[PDB]
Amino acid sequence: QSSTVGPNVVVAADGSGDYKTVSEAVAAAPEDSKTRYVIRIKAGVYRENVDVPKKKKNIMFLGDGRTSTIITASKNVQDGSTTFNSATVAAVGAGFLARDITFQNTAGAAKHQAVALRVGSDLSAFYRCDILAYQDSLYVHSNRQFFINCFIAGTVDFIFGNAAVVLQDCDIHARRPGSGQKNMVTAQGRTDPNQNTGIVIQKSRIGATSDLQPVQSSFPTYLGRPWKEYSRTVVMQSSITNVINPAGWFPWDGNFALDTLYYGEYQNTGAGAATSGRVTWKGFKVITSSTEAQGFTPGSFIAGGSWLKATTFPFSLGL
């Protein structure tokens, strides 16, 4: 009954729109378009896997609310799929955008790798979205990405890959895993020192879900572990609860990558932000210089001044 950002088509599970599924709307969009194609998705639950391929550029998902618009599935590695192919939603075509919607994978802790959202789109952004799963929830696979005011939940390596991404003003919570497991917020995979990639968490809130908080002393949680030799992750200007063990970071396999990785922390607050008991690795560092920290902000790390304004979402370029 209204139009904000120009809508090209309407999807509705109750049958009151143009098509009943999200996949139908993506199929209708023309290839190689210079203008944006907007898909409005009405309230409801959509049981389907969705793919946005390389030739479908500048596509936007516009839901009616993060709490009421859900895309769900349950592909996983324990049952036969590969990590890459297990994603409920896969966004590859350049310039993808999404707001007010949920992406989820319901496989569970016992099914191992099971992705909710995989992104390989250059210059893509997400606003007011929820991404929910257990092991490997968010696959930030490749290219430049931006997440603002989003909620992400998971257990083992739930934010992983080799893209250049910044998550600003977000809520990131670890949940209760399976017996004997340990949670890891990130698993960055840079393999060469000349690659311009890494994971940055800025002005956000890191904590625990309601089912984990009471038993944090039975399921340890860390900020991350080095999947590849030149892993690079930064946490700055954020609040951190005591869900994070004092050591801060965890090894991958012995002394692998400890001398070549770059894990840094700048002006964080909260019980979990103390640095006096952190690991002794050569690659770990407490940043005290503002010029060093500024290099990881949107304007300097993902060329934000050239495209964030055109996303129609809110943003901040510096410190």
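The first residue of the shown sequence is 1; numbering continues from there.
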*Residue stretch of maximal mean CA temperature factor, 227-235 vs 213-221*: 213-221
*Select between 194-202 and 74-82 the stretch whose C-alpha atoms have the higher average B-factor in the entry.*
74-82
*Among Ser33, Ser289, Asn268, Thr69 - the residue whose C-alpha B-factor is largest in the record*: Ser33
*Have a look at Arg278, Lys42, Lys56, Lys282 and flag the one whose Cα has the highest B-factor in the entry.*
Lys282
_Modelled-residue ranking by C-alpha temperature factor, third containing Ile240_ = middle
*By the record's CA B-factor, is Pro298 among the lowest, middle or highest third of residues in the chain?*
middle
*Lowest, middle or highest third - CA B-factor, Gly108*: highest
_Chain thirds of CA B-factor: placement of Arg118_ = lowest
*Which third of the chain does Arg128 land in by C-alpha B-factor: lowest, middle or highest?*
lowest
